[PDB]
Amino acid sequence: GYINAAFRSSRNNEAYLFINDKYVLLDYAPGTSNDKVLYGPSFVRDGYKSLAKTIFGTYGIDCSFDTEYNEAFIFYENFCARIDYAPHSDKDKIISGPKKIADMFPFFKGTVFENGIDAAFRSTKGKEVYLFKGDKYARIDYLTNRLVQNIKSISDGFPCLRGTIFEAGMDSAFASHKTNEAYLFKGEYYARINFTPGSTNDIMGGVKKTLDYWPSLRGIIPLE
């Protein structure tokens, strides 16, 4: 039981990480000692009143991504929604959904992302997002609803992951407040990256273990 989905918040250096039917709000300390839990562990249903009576309350959220404002997209299997998470507040709302993935992003009909998605993180370029399923990643425009470029392998636009455990997927990803950094998680390891939008590019590069850099996660991952 590891982090299944994550997305980057609207506060500075704050992120949201979904494990099981649960989540935690994190101050993830990109460049200082003290990374710390602001809220949770808490069930999705109990912290997200607006999701208490949906499939996301019952089971949680298995992929996810920040959009803009205090809005993010959230996924469970075939199913997704757009939400207002209302950080450090209580006024969370469903804006679109719950819809299937094919009806929310029609360009995934016939793809491998149709019936479910592992991980996502928000890009720096315009309205771009990187999505990931099995050995494949996808680049999209959540605003125009458009597949910016063809479905390709992770190793193709993130070649620095070849031979690593991310060569064949990602359990969980989220985007950093540090420009062009993203956190990728799988099993019990985490990864930091500097990616450049629209270029075959590297680093990194220092694949680390999660709790050895993430002490505010001890006791909480694994979740068994």
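Residues carry their position along the shown sequence, with the first being 1. Throughout, rigid core stands for the largest set of C-alpha atoms superposing within 1.5 Å between the two forms.
A.B. asks: With the rigid core held as the alignment frame, decide whether 16 to 24 or 203 to 211 lies farther from the shown form in 4 other deposited structures of this protein, in terms of RMS C-alpha distance.
C.D. replies: Result of the core-fitted comparison in 4 other deposited structures of this protein: 203 to 211 deviates more.
A.B. asks: Looking only at CA atoms, which has the higher mean B factor in the entry: 210 to 218 or 18 to 26?
C.D. replies: If you average the C-alpha B-factors of 210 to 218 and of 18 to 26, the larger mean comes out for 210 to 218.
A.B. asks: Please compare 146 to 154 with 113 to 121 and name the stretch with the higher mean C-alpha B-factor in the deposited structure.
C.D. replies: The recorded data point to 146 to 154.
A.B. asks: If you compare 139, 91, 99, 133, which has the highest Cα B-factor in the entry?
C.D. replies: Reading the PDB entry, the winner on C-alpha B-factor is 91.
A.B. asks: Taking the Cα B-factors listed in the entry, which of 52, 63, 191, 175 comes out highest?
C.D. replies: So the option with the highest C-alpha B-factor is 191.
A.B. asks: Quick check on the deposited entry: does the C-alpha B-factor of residue 198 sit in the lowest, middle or highest third of its chain?
C.D. replies: Ranked within chain, residue 198 CA B lands in the highest tercile.
A.B. asks: How does residue 57 rank on Cα B-factor within its chain, lowest, middle or highest third?
C.D. replies: Lowest third.
A.B. asks: Ordered by C-alpha B-factor within the chain, which third holds residue 42? Give me lowest, middle or highest, please.
C.D. replies: Middle third - that is where residue 42 ends up once the chain's C-alpha B-factors are sorted.
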